[PDB]
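A.B. asks: Let me give you the structure first, and then I'll get to my questions.
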Amino acid sequence: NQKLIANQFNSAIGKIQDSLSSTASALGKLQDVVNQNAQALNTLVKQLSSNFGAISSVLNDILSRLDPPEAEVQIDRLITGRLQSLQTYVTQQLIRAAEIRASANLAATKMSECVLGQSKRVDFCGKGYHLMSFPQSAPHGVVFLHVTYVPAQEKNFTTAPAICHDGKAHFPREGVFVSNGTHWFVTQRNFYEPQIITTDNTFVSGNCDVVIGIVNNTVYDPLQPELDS
Amino acid sequence: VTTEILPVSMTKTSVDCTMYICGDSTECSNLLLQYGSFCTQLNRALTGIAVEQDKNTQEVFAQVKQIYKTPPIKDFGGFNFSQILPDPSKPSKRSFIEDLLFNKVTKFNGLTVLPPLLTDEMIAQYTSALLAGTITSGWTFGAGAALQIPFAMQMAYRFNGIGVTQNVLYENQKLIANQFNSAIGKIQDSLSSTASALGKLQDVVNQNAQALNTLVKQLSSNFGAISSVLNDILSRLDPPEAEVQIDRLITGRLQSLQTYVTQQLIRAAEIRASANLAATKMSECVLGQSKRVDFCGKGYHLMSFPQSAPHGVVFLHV
Amino acid sequence: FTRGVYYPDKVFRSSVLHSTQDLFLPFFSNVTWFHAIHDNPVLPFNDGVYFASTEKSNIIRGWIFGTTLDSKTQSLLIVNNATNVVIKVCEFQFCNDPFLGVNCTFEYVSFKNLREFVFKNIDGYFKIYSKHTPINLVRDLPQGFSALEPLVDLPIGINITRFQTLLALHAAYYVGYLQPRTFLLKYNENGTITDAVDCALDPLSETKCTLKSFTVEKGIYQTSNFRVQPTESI
Amino acid sequence: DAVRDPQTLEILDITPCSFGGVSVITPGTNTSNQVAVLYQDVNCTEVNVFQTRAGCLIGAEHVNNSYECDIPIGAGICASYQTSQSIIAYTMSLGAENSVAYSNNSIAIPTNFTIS
Ligand SMILES: *[C@@H]1O[C@H](CO)[C@@H](O[C@@H]2O[C@H](CO)[C@@H](O)[C@H](O)[C@H]2NC(C)=O)[C@H](O)[C@H]1NC(C)=O
Ligand SMILES: *[C@@H]1O[C@H](CO)[C@@H](O[C@@H]2O[C@H](CO)[C@@H](O)[C@H](O)[C@H]2NC(C)=O)[C@H](O)[C@H]1NC(C)=O
Ligand SMILES: *[C@@H]1O[C@H](CO)[C@@H](O[C@@H]2O[C@H](CO)[C@@H](O)[C@H](O)[C@H]2NC(C)=O)[C@H](O)[C@H]1NC(C)=O
Ligand SMILES: *[C@@H]1O[C@H](CO)[C@@H](O[C@@H]2O[C@H](CO)[C@@H](O)[C@H](O)[C@H]2NC(C)=O)[C@H](O)[C@H]1NC(C)=O
Ligand SMILES: *[C@@H]1O[C@H](CO)[C@@H](O[C@@H]2O[C@H](CO)[C@@H](O)[C@H](O)[C@H]2NC(C)=O)[C@H](O)[C@H]1NC(C)=O
Ligand SMILES: *[C@@H]1O[C@H](CO)[C@@H](O)[C@H](O)[C@H]1NC(C)=O
Ligand SMILES: *[C@@H]1O[C@H](CO)[C@@H](O)[C@H](O)[C@H]1NC(C)=O
Ligand SMILES: *[C@@H]1O[C@H](CO)[C@@H](O)[C@H](O)[C@H]1NC(C)=O
Ligand SMILES: *[C@@H]1O[C@H](CO)[C@@H](O)[C@H](O)[C@H]1NC(C)=O
Ligand SMILES: *[C@@H]1O[C@H](CO)[C@@H](O)[C@H](O)[C@H]1NC(C)=O
Ligand SMILES: *[C@@H]1O[C@H](CO)[C@@H](O)[C@H](O)[C@H]1NC(C)=O
Ligand SMILES: *[C@@H]1O[C@H](CO)[C@@H](O)[C@H](O)[C@H]1NC(C)=O
Ligand SMILES: *[C@@H]1O[C@H](CO)[C@@H](O)[C@H](O)[C@H]1NC(C)=O
Ligand SMILES: *[C@@H]1O[C@H](CO)[C@@H](O)[C@H](O)[C@H]1NC(C)=O
Ligand SMILES: *[C@@H]1O[C@H](CO)[C@@H](O)[C@H](O)[C@H]1NC(C)=O
């Protein structure tokens, strides 16, 4: 299916562009960081206009009007308010920085365990079975394009945990036993690709009196016809 | 089967900074305005916390696109899940075990509490969907469509995933189902008798209750004023003197809120980290199978089942 | 509508949304409509007055402010006759019904047209704001927005509770009242107020003032606090 | 908390007059200037009225149909602007209901795939 896969991949990327080019909210996680920091600074600057109990928020207006014995009192009121304002700002920046650091740590983890490797961790690198990922830069952040394998179409098959041959219980080495209503096949779990059940597909352990739901079939031995002819 | 308990959320408190500092007082409010945005930026910080509390809940539980439900016939290969599946006879369709969890974990000063967006009933529906998915379709519902599979076969895959050949399961299916069923009964006996079992969630409730009680008690402090009661200052002093006494209370009460909010932001970060962990486990524990050691309990992980709890999630790791 | 907004102070601002509390005419409030066809009563001044008039022939030429307006107290008189604006604050003897045909402490001498004014008294200072603009409307006040600049500030020290207008007889006018509302004023790049939000007009306006913006993004915002008021004291 | 009346010696409880936060629920102003108002944690007494556990919601129409959550109110209730258009309130949907056709001998195996 290489042509199909390449075409689906190429189409999926085109869809990414259409989404990013039209949905502003797509980058809300990065835009929000910018907005929170802008708001923090605007708040800090606006606090300079506050009196905090002083006759004026403007320091030069206090100094140009009062002698030191009185000016110092009015100034101390502004210093306390403005010093308190910075402490509030810095505390918020430290807490916010911790949030960003945690995100950066996550991003670094994904880069290593998503871009440089292949993730067996579920929904770590997008919904579906992770194949590969590609990083893209963004303002103050990283964007990952996660390429995943998603089952698309399915059929209802009858199944069994094991098959009886000569009284021996045969289990799949890989895959499951399936039935289309008339014939039993063995196939890989994540993609329907029925194969004849043979001794090279299954293994034997125990017998038919133990396994619950074991069914009768035949298991083909590839050696027989070579010795038979 | 082991039980791992994680906090997901914290009470969405909200404090009216003006009413807290200057409750029903015009004279005090006008003085408070001289502090600029000091009041409203605290209202903002607490709102930010309240909002992420719904985000935390949503990221942990709403990981399934559809609400799955088990069949009326519980033919799960001998595995009894009746104590983790929803009970139809209750006013809220929670499982027996969830009820146990909910039964163990337990003003006018501008302090109010906002409800969560997702009610306990909605959380129960999500854990039900995740559980029904886990039981009837294994991990396929996580990746894409929920693809039905006999439970015993699902377990066979879970066994191959830990390096044990699938014939072991089938040959010992009765033993395995019996051990599983017994293990769940043990979970109930532990949760029903050990109050400390839910200490991680009870502690969150206690820390938040303590933070609010501390904040309210601070209103009784004078902070250098002649009285902690604002009305007693105003009813006794003319403005030129009342304003001085009030400024002393405003500074103390404004400082008290700032202390409270800072502690809530730091505590919220701790809860967020826990919620992120819980969300990670849900995806890499309930929806899948973990190859990560001691990530989903001690031993070789097979499968896990979520259960809701007050402000948190409880995982039963098999 | 949105009339009755004036520059609150003498500071230049530009490209900014500024929140201020002052005596403004509340948005979409009722203003009494008087006529001058084929109507110069004494009106209350309350806490300040918004005045507006529409002209085609300059009929409205003046104002009287005071308590009794009968030579018993000082009363501010403003008259504009041809090209000369006259302001006096004498204990004038006014007619039983003052009109103009076609112990003084101060004296000064200098539809198609809408002339808006604001008259307010703060600590004895009579503050006058105004704006003249061309119009093409006879029936009523034109809808739209225009801010009024200050022109005059008279330290008269007169207790004003009532006022009356002066008409030229051979032009409708409106009287509104100001309230201590908070407004968000939008200054454009030239420092001109081009829009405004009355923060107590409705919940949406409250939201706009809270967020300091004339645009509100989709969502739920906490803007205020509901409080039941007492009816009587015990 | 309470006082003894100085003229007649009986005890009166003092309960502060009803109050609560007020939130405005709005579609962006680039869509509509219609809003709904939520009075937080109050009854629809002291304040097209819908009583929720989040408070008294006024101006939003209560709709029986669930939808995906848009502007959250709380306690399972979300609001949105829909049809002629107005603000509506509803209990949010948690997703479509989909039973799995489970049986002890039936397996669904994908026959095709998509790369996303
Ligand atoms: C199950 O699969 C088998 C094998 O493909 C189907 O059997 C074949 O049917 C075709 C006709 O479509 C015949 O030409 C082949 O000779 C048959 N092969 C054998 C080995 O008998 C069978 O019909 C399928 N069953 C169902 C219910 O679809
Ligand atoms: C699978 O095939 C075996 C034979 O290979 C069946 O065994 C029979 O079981 C019945 C019931 O006890 C006995 O009466 C017969 O004598 C057994 N036959 C032989 C040859 O021993 C078995 O029942 C089959 N199972 C299914 C589900 O069809
Ligand atoms: C799953 O286990 C429960 C017990 O937790 C079983 O329910 C009990 O059934 C017996 C009868 O056999 C009653 O006497 C008990 O009172 C029931 N207890 C409860 C709590 O319901 C249930 O039948 C088992 N289910 C399966 C399929 O084995
Ligand atoms: C301005 O003048 C008015 C009267 O024109 C004064 O109002 C009176 O106030 C007294 C109390 O001091 C009341 O008993 C009268 O009934 C009021 N009169 C009216 C008509 O309401 C007003 O107090 C004066 N302002 C100042 C600052 O002195
Ligand atoms: C798997 O699904 C793809 C589509 O996602 C199928 O490819 C399409 O086949 C139809 C004809 O039936 C064409 O009209 C489309 O243009 C094809 N799309 C693409 C992207 O190639 C594919 O045939 C299916 N495979 C199987 C085995 O069923
Ligand atoms: C499998 O059978 C169920 C029976 O309820 C049906 O609803 C479902 O669509 C079937 N699946 C397929 C892929 O045909
Ligand atoms: C599967 O379920 C059917 C009932 O629908 C029952 O008769 C049959 O014996 C069961 N088989 C197994 C292996 O449990
Ligand atoms: C304005 O006057 C109209 C009557 O013409 C009345 O219905 C309306 O309620 C009044 N509005 C205000 C704010 O006074
Ligand atoms: C305007 O009135 C004044 C008296 O107050 C008078 O002296 C003057 O002549 C009048 N008009 C003009 C155009 O001069
Ligand atoms: C001017 O004011 C004085 C009070 O100082 C008063 O006695 C006098 O009668 C006033 N003049 C007139 C003309 O009323
Ligand atoms: C400022 O005034 C100039 C005229 O000198 C005009 O061209 C320009 O558009 C004005 N700016 C705004 C924002 O109205
Ligand atoms: C108040 O008046 C009543 C009579 O109506 C009397 O009985 C009571 O003792 C008085 N209270 C006080 C405190 O004097
Ligand atoms: C928002 O309104 C402006 C008009 O000021 C319009 O040009 C723009 O396309 C609108 N955008 C949306 C998303 O409705
Ligand atoms: C509102 O008051 C009524 C009684 O009139 C009561 O039945 C109802 O439960 C109250 N609702 C809330 C939300 O308090
Ligand atoms: C919901 O439907 C019921 C009828 O089953 C009706 O009585 C009720 O008024 C409806 N509610 C709304 C909000 O439409």
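Swiss-Prot numbering applies to chain C: residues 32-69, 80-143, 165-172, 186-245, 263-326, in that order.
Backbone N, Cα and C define each Cβ position, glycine as well.
Pulled the feature table from Swiss-Prot, pasting it below:
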{"type": "CARBOHYD", "residues": "C:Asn61", "note": "N-linked glycosylation site"}
{"type": "CARBOHYD", "residues": "C:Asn122", "note": "N-linked glycosylation site"}
{"type": "DISULFID", "residues": "C:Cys131-C:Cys166", "note": "disulfide bond"}
{"type": "CARBOHYD", "residues": "C:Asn165", "note": "N-linked glycosylation site"}
{"type": "CARBOHYD", "residues": "C:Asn234", "note": "N-linked glycosylation site"}
{"type": "REGION", "residues": "C:280-301", "note": "region 'Putative superantigen'"}
{"type": "CARBOHYD", "residues": "C:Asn282", "note": "N-linked glycosylation site"}
{"type": "DISULFID", "residues": "C:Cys291-C:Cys301", "note": "disulfide bond"}
{"type": "CARBOHYD", "residues": "C:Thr323", "note": "O-linked glycosylation site"}
{"type": "CARBOHYD", "residues": "C:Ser325", "note": "O-linked glycosylation site"}
A.B. asks: List, in sequence order, the same-chain residues at least six positions removed whose CB sits under 8 Å from that of C:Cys301 (disulfide bond)?
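C.D. replies: C:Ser50, C:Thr274, C:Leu276, C:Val289, C:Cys291, C:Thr315 - these are the non-local Cβ neighbours of C:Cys301 (disulfide bond), listed in sequence order.
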A.B. asks: Hey, how far is C:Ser325 (O-linked glycosylation site) from C:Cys166 (disulfide bond), Cα to Cα, in Å?
C.D. replies: 46
A.B. asks: Based on DSSP, tally up the residues of the region 'Putative superantigen' (C:280-301) by helix, strand and coil.
C.D. replies: 7 helix, 6 strand, 9 coil
A.B. asks: Scan C:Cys291, C:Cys301, C:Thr323 for recorded positions whose C-beta lands under 6 Å from an atom of ligand 11 and note them, or write none.
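C.D. replies: Checking each Cβ against ligand 11, none of them comes under 6 Å.
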A.B. asks: Just counting, how many other CB atoms are there within 10 A of the CB of C:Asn234 (N-linked glycosylation site)?
C.D. replies: 13
A.B. asks: Please work out the number of neighbouring Cβ atoms within 10 Å of the Cβ of C:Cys166 (disulfide bond), leaving out its own Cβ.
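C.D. replies: Looking across every protein chain shown, the total is 10.
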A.B. asks: Out of the glycosylation sites C:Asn122, C:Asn234, C:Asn282, C:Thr323, give me the one sitting nearest to C:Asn165 (N-linked glycosylation site) by CA distance.
C.D. replies: C:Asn234
A.B. asks: Looking only at DSSP and grouping its letters into three states, which state does C:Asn122 (N-linked glycosylation site) belong to?
C.D. replies: strand
A.B. asks: Neighbour count, 10 Å Cβ-Cβ cut-off, for C:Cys291 (disulfide bond): what number do you get?
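C.D. replies: There are 21 such Cβ atoms around C:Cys291 (disulfide bond).
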A.B. asks: Counting only other Cβ atoms and using a 10 Å cut-off, which of the glycosylation sites C:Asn61, C:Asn282, C:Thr323 scores lowest?
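C.D. replies: Relative to the other glycosylation sites in C:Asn61, C:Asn282, C:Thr323, C:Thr323 has the fewest Cβ atoms within 10 Å.
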A.B. asks: List only the single closest residue to C:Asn122 (N-linked glycosylation site), chosen from the recorded positions C:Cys166, C:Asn234, C:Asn282, C:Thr323 by CA-CA distance.
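C.D. replies: Ranked by Cα distance from C:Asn122 (N-linked glycosylation site), first place goes to C:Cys166.
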A.B. asks: Filter the recorded positions C:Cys131, C:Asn165, C:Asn282, C:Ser325 down to those with CB closer than 6 A to an atom of ligand 8; keep them in sequence order.
C.D. replies: none
A.B. asks: Using all protein chains shown, find which of the glycosylation sites C:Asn122, C:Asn165, C:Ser325 scores highest when you count other CB atoms within 10 A of its CB.
C.D. replies: C:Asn122
A.B. asks: So if I draw a 10 Å sphere around the Cβ of C:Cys131 (disulfide bond), how many other Cβ atoms end up inside it?
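C.D. replies: Other Cβ atoms found within 10 Å: 15.
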